[PDB]
Amino acid sequence: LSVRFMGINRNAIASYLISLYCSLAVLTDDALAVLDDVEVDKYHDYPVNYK
Amino acid sequence: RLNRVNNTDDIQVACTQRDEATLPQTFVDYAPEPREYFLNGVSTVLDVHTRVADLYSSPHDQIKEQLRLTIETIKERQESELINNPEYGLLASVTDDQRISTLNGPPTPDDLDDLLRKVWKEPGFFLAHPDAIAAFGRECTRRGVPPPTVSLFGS
Amino acid sequence: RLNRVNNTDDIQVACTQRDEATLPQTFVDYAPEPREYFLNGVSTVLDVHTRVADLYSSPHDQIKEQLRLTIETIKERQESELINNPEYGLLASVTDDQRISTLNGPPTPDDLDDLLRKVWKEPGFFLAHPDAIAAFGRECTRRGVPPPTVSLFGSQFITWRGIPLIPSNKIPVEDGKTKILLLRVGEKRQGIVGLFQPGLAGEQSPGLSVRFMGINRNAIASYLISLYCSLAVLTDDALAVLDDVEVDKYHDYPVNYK
Amino acid sequence: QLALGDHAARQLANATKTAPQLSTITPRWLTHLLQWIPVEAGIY
Amino acid sequence: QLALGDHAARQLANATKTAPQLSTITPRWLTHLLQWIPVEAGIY
């Protein structure tokens, strides 16, 4: 990450440039797996019998 | 540049017996045109008024506060990109052979076992949304299995 | 004074490509009128008879004993206020987005999972009445899940998903209904903090002072005891509350004896 | 709005506060000019 | 074009090159777990 001064405009406003450089690499295919179609809105109805 | 071996099935080795049999010849081949990885940038321009910076900076510096908050936002965007970037993201990078689907909806322990089968060589960790984590805990409760807990980074 | 950022959705950043595209301009805005937190006081006046103090103080000092007991009462009142104060209390401070209700009454593990969803970033601990804790243990037994236990301050507390449950009798239980709270704590992580005033005159303990007021014509001396404190929740997601928790229901299990 | 405003920025700033000013204060020249004598037991 | 492009600029740059990756490598736990004994002249 880097921060650089760019200058002051005629409205007396100073500008700063912020930049972050990055990337991602997967060296072998078997290092990553994904499970799809996961449903998160289902709740179980359990029978109850109270004293 | 990510170099790779592209003749894994053609590297021939022979199990020897107590005899004078001929031996196979072999070599290791590399992919002619490997994929090259190139850094992408998350960038922004921050504007600060000189009068504000001059006048209202004790006991807190205005420029430093603005920079800190902007950098926090940039880091959150970087975390988002590491997952959802169309060309280098994890979801885009996964292969069809490594993609599987749930049996009957919610994320059951059988489904997680199936995922571990796909990654069986020293798996590191699962990444999931909190809603999905709660759903998995609910399925574990339905099956009567309490999952254990580990402590990492104080959590 | 609790300052905050009020344009979170307007802080624009751009993902760059291998080109000469224009970049967005942005700034961070603050709330114009932030909430200011002001210390409240729990105070009392203690009366001690000079004759009693003079005559009956060996092997125990009467004034010191009275002060100790009164300070214990004041600290219990402070604990009650931290929960139930109408303007700075936790129950009043929780937001409607952070409030949820039980599915079908008693505090089930699914309900506690729902609460953890509302506080998923480094949750600290649950706060509940002992009756509610027992009801949760009963529901866990019904579902056949034994919760583990952790040791804190020389005591044992049950945990759910690694998060301990802490008992407090100050949480009100009306008509068999109660509430369960989930909290994150500490300034470094934008959590819940308590506020106190240091350097008090006649200070005995941090935030607590004792001052001699005078002796009346009945030969009774008066002492003023005051404790100043407050509570602040830095971010809304640091606190969640589960309501309508029923604690009076027991399961009827079938039996078949030899 | 191009940048953060003065009204918002002041919330982080500490004001310089004066002691309260009293309008009725006068130089009181007579007290300075007079010579003051101590009395042993309030009687002269 | 306002300035020099990335495609042209890379020609002066040195890429970071990895050793070739082999997909068939496995942890081979059994070899690590077994105890290995030396034989003097290939006979046991």
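Just so it is clear, the values below take in all heavy atoms, side chains as well, and ignore hydrogens, waters and symmetry mates. Order of the sequence lines fixes the chain letters, A, B, ..., with proteins taken first and strands second; residue numbering starts at 1 for each chain.
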*Asks:* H7(D) versus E33(C): any side-chain heavy-atom pair under 4.5 Å?
*Replies:* yes

*Asks:* Would you be so kind as to tabulate the donor-acceptor pairs closer than 3.5 Å made by side chains of residues 209-222 of chain C, with sequence neighbours excluded?
*Replies:*
residue : atom : partner : partner atom : Å
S209(C) : OG   : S226(C) : OG           : 2.7
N216(C) : OD1  : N218(C) : N            : 3.1
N216(C) : OD1  : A219(C) : N            : 3.3
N216(C) : OD1  : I220(C) : N            : 2.8
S222(C) : OG   : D47(C)  : OD1          : 2.8

*Asks:* Find the distance between CD (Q1(D)) and CG (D10(C)) and round it off to the nearest 0.5 Å.
*Replies:* 10.5 Å

*Asks:* Does any non-hydrogen side-chain atom of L4(D) lie less than 4.5 Å from one of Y30(C)?
*Replies:* yes

*Asks:* Using a cut-off of 6.0 Å, state whether more than 12 heavy atoms not belonging to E187(C) lie near its atom CD.
*Replies:* no

*Asks:* With a 4.5 angstrom heavy-atom cut-off, could you sort out which part of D29(C) is near chain D: side chain, backbone, both or neither?
*Replies:* both

*Asks:* Report, as yes or no, whether the 6.0 Å neighbourhood of atom CZ on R10(D) holds more than 12 heavy atoms from other residues, nucleotides or ligands.
*Replies:* no

*Asks:* With heavy-atom distances below 4.5 Å as the criterion, would you say the side chains of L12(D) and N3(C) are in contact?
*Replies:* yes

*Asks:* For atom CD of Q17(C), is the number of surrounding heavy atoms from other residues, nucleotides or ligands below 6.0 Å larger than 12?
*Replies:* no

*Asks:* Does atom CD (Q78(C)) have a neighbourhood of more than 12 heavy atoms from anything else shown, all under 6.0 Å?
*Replies:* yes

